[PDB]
Every structure is written in structure tokens, then in C-alpha cells.
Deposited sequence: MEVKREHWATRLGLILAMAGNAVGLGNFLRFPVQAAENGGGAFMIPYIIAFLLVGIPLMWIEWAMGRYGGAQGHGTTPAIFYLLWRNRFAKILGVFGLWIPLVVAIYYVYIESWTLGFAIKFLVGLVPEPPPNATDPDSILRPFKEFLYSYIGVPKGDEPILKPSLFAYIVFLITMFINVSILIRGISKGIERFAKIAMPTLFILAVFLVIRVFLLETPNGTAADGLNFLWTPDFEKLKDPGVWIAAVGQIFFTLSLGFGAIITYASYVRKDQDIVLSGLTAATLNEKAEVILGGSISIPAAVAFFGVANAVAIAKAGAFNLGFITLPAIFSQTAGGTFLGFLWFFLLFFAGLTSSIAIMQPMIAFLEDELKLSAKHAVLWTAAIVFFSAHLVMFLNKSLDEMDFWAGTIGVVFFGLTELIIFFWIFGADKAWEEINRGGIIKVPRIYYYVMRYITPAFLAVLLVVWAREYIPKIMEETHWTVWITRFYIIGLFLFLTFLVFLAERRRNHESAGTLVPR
């Protein structure tokens, strides 16, 4: 089996797994529309009671499976619990990352396309003022790029440039993945993560210098870091905070598990996993939190910045921030640096999100790495046309896989590993080879607190929020639901074929 060459490479690959579009696009929007500091108390609590313990669990399951030649949850779940239902539940550890890849890589390709256009100066001219005179040309810029519908049809018409840039983006992902773990993902992470840190630090510094009649960057830091215990009893904030923790740490994606399956059997995962987790949180709250929100608050004030964050998921990062930069000297180049930052953040995460299907094809169907990567890329590339051309298909997949799926799968993998497999054997397996030991209090968190916390959360989710999405949606969401259900059936069939290969073997 392939293995990570160096410990630093391991940590930077896992940190690039986690540090992605979630840190720089998702976190600012979720924090802003949930009260800023009101969001941070649940967020910190979720990191300590959900994020960290699940990170260790996924590292442990991955390393455990990899020692036996399996890096994905169909096989690993069965190793933990020899029951055919374990294999079926394990399909989610391929389905979730595949579905997320199908829209994540497309969004990643937007950042490359914008980076190219901002570098070359093919960007809107804001007229020398009225805020909508500033925002409108950049709103139109994004809408023409992805082809937002202008009539009543729920159809997207992305520009030719956007489509070609998606092909290029897929080619870049393949170019890394096809070289494998140590020579591909690991080598690239050692280049991309330092670049990523430097770009973000420079952007934070430039943003902190922003000052207008409406405020300063410091006003945004105060909005984000001022506790607000009013919302502390609002269910929606807790669901938001825990969803962000899952998404940003790549938990419930099967992707931490697959990366860890290339960790040598006796190599530490306690300190490694903790470091990857803490690195992501620093990049999230310090770097991600210090760019978009402080810039928007400085130029528009808090109330308008909040309204902007509530406008959409891409309004802050693809419209508002480039519009703000356009009002500064060298602002188009600053836009390029922002979108190049997002591209590298996305690329290091999308190679991680596609490696689970690659590992399954290699491990269970015994494909060569080349064939496993190309077939995975073909599946993602083909399926992405749904996200490219059907309005709000992106949203539906991000919901079932990227939002509900990861939380459900996180609870599932914990129950399998810490209840069925055995809490004491799971605890033994986590700490084996540890450079440090997991704090003892965390045994009771993982066995009792984390599962109760996630179960309560999933209950209120399905009772007080899901019915709206099941009855209050446009009919075209059934196209996307139909297709991703088909994907689950196709993957279940591949698990079936992998079973019968190992029986005829």
C-alpha cells in the first residue's frame, strides 16, 4: 500500500484536505447571518465536542483499515462490524464525497476562471459612489459567468470560458491525483499550503488597512468576536455551527478516513490529527474570518454586511469583495490574489474529496491508479453537467450530501466504531502509537456526549426544517434527487461486484 513519505507531508496534505472553500467562503457567510459572535460560542463548543473527537475517530478507522488493505468505509465498516448492512451504510462514505465533488470542483473552477480574468484585467469597470452602482457590475459579472437564469426557466447557461475552465480544473485535479499519494497529493500539499498561508496573510493585512466613512476592518472583527448570548438558545445557530464544523474539517466525508489509510500502522494519529484540526481552525477563524467580513463591514457597516451575507452563498466572495477591492489601488490584482487563494484552497480539498472513490476502485476492484483516477474523473465530470445547467441543483446536492449527509454519516461512523466495534477497542486503537494520548475525558465525550448531541440535532433538523425543503421546493429538485439516488444505487452495485470478486478470489 502507498504511504505518506514524511510526517510534514502527511500533516500538510490533511490540512489541505480540511482548509478549503469552507474556510474562506462558507464560514464568513454562516457566521455573519447568525449574529457573528453569537455564532462563535456554539462553533467553539461544537469543535471541542464534535470536531476534535470525530477527527481522531476517522484517523483511527482509516489507519485501521489501511493496515488491512482498505481505505474506504464499505470495507472498513464491515471490518468493524461484520454485517452486510455495514457495507451498505459504508456506501455513504463513497456517495457523500462523490456528490460533494460534483459541485465543489465546479465552484473551484469559478475561482480559477475569475483568477484568470482578474489577472488579465478583463473585469467590470465600476463607474467613478452609490453602493449599487459599485456592486451591480460585479453581480452581472458572476451571473454571466455561471449563466444565472434571466427568465422563468430554471436553466443555467454558463459561458464558454466557464465550461473550458471547468475542463482545465478537472485536468489539474487529475494531474495531481494520477501521481498518487506521496508523489502527487503529498508533494503538491507541501507547495500549496505555504503559498495558501502567505496569500491569506497578505490579504488579511491589506483588508485591515481598509477604512471608509462607514467603518474600519476593526468593526468587522468586533462584530465577529463579540459574544451575544441572546441567540445561544436558538436551535438554528447550533445546527449552523455544527454543520460548519463538519464541512470545514471534512468530517463525515469519508475523506479523512481514506487519507489516514495511508498512515503506517504504528504511526501517531493523536497529535497528527489534532494538528491538522487546529491548523484548519486557525485558517478558518483567523484568516477566513478576517478577510471577507471586515472588508464588507468597513465599506458598508455591519447591518449591510449581514444583509449581504444573507443574500446568497456566493455574494460575499464573488461579488462584494471584488467590488470593494475595485475601489482600491491595485484592486484588480488584489482580486486575483483572492481568487488564486480560493483556487488553491479548493484544489487541495477536491483532490481529497475524490480520493475515496479512487481508493475504492484501487482497493476493492483492483484497478490501477491511472484507471481509478480517470474513471473517477469521468464520473465527476459527467455528473457535474447537472450542476452546470440546472438551476439550484448545486443547492440540492450540497444539502443532502454536504449538510444532512455528513452529520448523519458522522453519527453512523461513531456508533459503528465506538458502540458496535467496542468503545474500549476503539479507544485502544485511537491511542496506539500516539505521540500524545487522548485526554481521558474525551472517552466519555465520544461514547456518550457526541452521539447524544448529534442525535438530538438530527431530530430537530428533520422535524423543524426538513419538511419545508421537502414540500416548499421547485419541482426540478426531483431531477437532482433522482440522479444522486441513482448514484447511490450504482455505488451499491459496485460494492456488490467487489464482494463477488473477493469470493471468486
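Where the deposited sequence has no C-alpha coordinates (positions from 1, in order): Gaps vs deposited seq, in order: 1 to 4, 133 to 134, 512 to 519.
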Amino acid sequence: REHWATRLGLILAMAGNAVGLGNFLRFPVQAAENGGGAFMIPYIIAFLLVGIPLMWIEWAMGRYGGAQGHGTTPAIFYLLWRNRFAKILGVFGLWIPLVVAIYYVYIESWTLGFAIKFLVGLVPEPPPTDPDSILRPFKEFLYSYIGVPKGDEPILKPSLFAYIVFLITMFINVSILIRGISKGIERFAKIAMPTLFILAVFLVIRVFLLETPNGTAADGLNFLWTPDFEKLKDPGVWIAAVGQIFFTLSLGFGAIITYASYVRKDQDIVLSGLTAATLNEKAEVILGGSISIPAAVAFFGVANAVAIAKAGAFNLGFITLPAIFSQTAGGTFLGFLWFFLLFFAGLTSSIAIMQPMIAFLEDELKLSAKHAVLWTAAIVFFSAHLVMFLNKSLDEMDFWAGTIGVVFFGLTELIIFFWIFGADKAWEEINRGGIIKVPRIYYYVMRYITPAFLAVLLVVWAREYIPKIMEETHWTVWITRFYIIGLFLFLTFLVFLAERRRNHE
From here on, numbers count along this sequence of modelled residues.
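If you average the CA temperature factors over each stretch, which comes out higher, 22 to 30 or 466 to 474? In the deposited entry, the stretch with the higher C-alpha B-factor mean is 466 to 474.
Using only C-alpha atoms and the B-factors in the entry, which stretch averages higher, 63 to 71 or 476 to 484? The stretch with the larger average C-alpha B-factor is 63 to 71.
Looking at 128, 243, 346, 90, which has the biggest Cα B factor in the entry? Each of 128, 243, 346, 90 was compared by C-alpha B-factor; the highest is 128.
Check the PDB entry and point out which of 371, 82, 385, 117 has the largest C-alpha temperature factor. Most elevated C-alpha B-factor of the set, per the entry: 82.
Based on the entry's values, in what third of the chain does the Cα temperature factor of residue 398 lie: lowest, middle or highest? For residue 398, the deposited C-alpha B-factor lands in the middle third.
For residue 427, the third of its chain into which the C-alpha B factor falls: Residue 427: CA B-factor falls in the highest third of its chain.
Chain-relative CA temperature factor third for residue 421: Highest third.
Could you say whether, by C-alpha temperature factor, residue 153 belongs to the lowest, middle or highest third of its chain? Top third by C-alpha B-factor.
If you rank the chain by CA B-factor, which third does residue 191 end up in: lowest, middle or highest? It belongs to the highest third of the chain when residues are ordered by C-alpha B-factor.
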